[PDB]
Each structure stands twice: as structure tokens, then as C-alpha cells.
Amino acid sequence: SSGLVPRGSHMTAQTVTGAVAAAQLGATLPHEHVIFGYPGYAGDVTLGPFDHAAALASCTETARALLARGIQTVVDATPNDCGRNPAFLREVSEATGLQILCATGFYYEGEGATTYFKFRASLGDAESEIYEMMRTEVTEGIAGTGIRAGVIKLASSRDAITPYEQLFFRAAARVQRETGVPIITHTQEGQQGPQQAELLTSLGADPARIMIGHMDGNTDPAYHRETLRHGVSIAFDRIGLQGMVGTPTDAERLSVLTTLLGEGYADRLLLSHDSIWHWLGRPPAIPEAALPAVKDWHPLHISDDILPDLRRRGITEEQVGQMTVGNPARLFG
């Protein structure tokens, strides 16, 4: 246990099929979405119903393809208000053997279903209600199913971590101190990474259990270095999603990544795609102009294209193993 180890609290990762030892996690994708729906998708149920058999077939096919790559674990980062379905994730996991951790949390103000908790906040202690929800889902289970969330998902807006969002950050810090559960986050358009790390650590959350995400959204490495100073991990977790409404290209992501790797930050860098295996609501109508922005946007892209490109650029087998196996084992295990 060299380096920065988690402050003895959580002893094993909690997956949708039960507890799993850190050493059993293996190569892991720290931020993906088996299924996902933007708030409102359920309102379009008549014309956009969930085809369970089709979704299970497509998702198990993806899980099998990941296992072929030696990826044994996926962290599903889907917020409670964005189509999270623990029971479905368990079906996919039981069917294939792929380990899946699910999340507890609400999305950022710009895209989440915010009305409910904004209302609860106007009436009383919304932070405490959110804390109770997170704590119960992490320690006891979700929706009475016994399936527990293995990570807390937090998300902030671009210009600030809004009052609405801070309710979740404060509740999550409290649950993190009590259980030691991992925290993963969404940052909007390459902003607030430092602010998130400062806020969570100042609230007492363990930096060794924190992964600030969507950091590939910023192409100035000083921003990543400022975030990393807090002792937290950062994830380039939308690899393959290029030029989509402002995101950098993978070439730009790799430049920052290789610069950080050359500066010895391998112990704090994680890689994922933020892929969606099966969309909820009506199947997305992909515009002909956006086809290139999503061509590498699937979960086999890091295994097949990114890792070999890092290796040929001088990144070592040990560094790749640290990012894809070592880091996840410590952060989620």
C-alpha cells in the first residue's frame, strides 16, 4: 500500500451482484452508461417504450465484447434522474459475468430533473433528505431490492457549482466520511474541476476516494495540475466523443494526457468513454454532421485505439496498467 491510500472505511467494492474484492475488479472503465435517458424520456413512453429483450441483448453483447478485451468491471455513472435501473444492470451482470457498480446521485442543474429537490429545498432540509437517500442506497440498497450503489455521482454546472448542486456535494461528503464510498463526478464544459476537489476535500471527503470527471473537457494542462494538487484522481472519461457540442478531439485529449503522464501523474489518471449502450426514450436521431463526433464513441475504443496509441507514443505497460487496473482497484475497491 504505497502512495496515498484510502482512509480505512470501505473495505470492498459494492457491485449490483454483491461485494467484490479490490483485487477482483481487474481492468475497469470508471464511467459508462449501460442505459441512459434524459429527464423527460419517461413522458414519451407511448412512442419511446423500453424494449427489455432488445436492450438486454444489446447490452449483454457489449458486456461480452468488454470481457473479451479483459475489462472485468464497469462503473455505471447514471444519475438517479437519468434512467438509472439497478435491476437491469444486475440482469446484464448476471448474464455475462461482467461486474457493474451503479451510482446514487442526481444530475447537474442544467440537465437534471431538478424540480423535485428544488421544491424539497424550499420546504426544509433537502441536504439531509439527499444524505438519507445516498446513505440508504450505499449501505442498504436501492428501491428495496438489496442492490447497493457502489459510488456516489456528483455533477456541477459550467459557471459555478450551483446552490442546487451544493446540496448534493454536502450530502455526499457526509456519506463519504461515514462509509468511505467512492465519489465520481461530472464537470461541465471543462470547468469547476479545482472547485469540486477543493469543496469536497474541505467538507472532509477523502481525496483518495474522489475522481473528478470529464476533465478531458479542458485542454490546458495547468487546469488538470491545479485539480490534481488536491490529491484526487481525474478522469479523461469521454474519450471517443469528439467535437460533440464543444468537446476537444481525442488528439487534444491525448496531448494533455501524455503531458501529464510524462510528469508522473499515472497514479491519478483514469480513462473512460461515457458511452451509452442503450438509450431510453425514442432512439436518438443522429444528424449526418454529427456522425464523426460519435464514430469512436463506444466502449471498445480505449482498448482498441487509445491504449495502443499511448504505448506507441512511449507510455509503458506499467503506466497503462496503473491507469486501467491499479487506480480503479484503489479508488473503487
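Residue positions are given as counts along the sequence shown, with the first one as 1.
Stretches compared: 122-130, 255-263. Higher mean C-alpha B-factor in the entry: 122-130. Looking at mean Cα B-factors across 110-118 and 238-246, the upper value is held by 238-246.
For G281, the recorded CA temperature factor ranks within the highest third of the chain's modelled residues. Among all modelled residues in this chain, the alpha-carbon of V5 has a temperature factor (C-alpha) in the highest third. Per the deposited record, the Cα B-factor of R225 falls in the middle third when ranked against the other modelled residues of its chain.
Among the modelled residues of its chain, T324 has a C-alpha B-factor that falls in the lowest third, as given in the PDB entry.
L307: CA B factor lies in the lowest third for its chain, per the PDB record.
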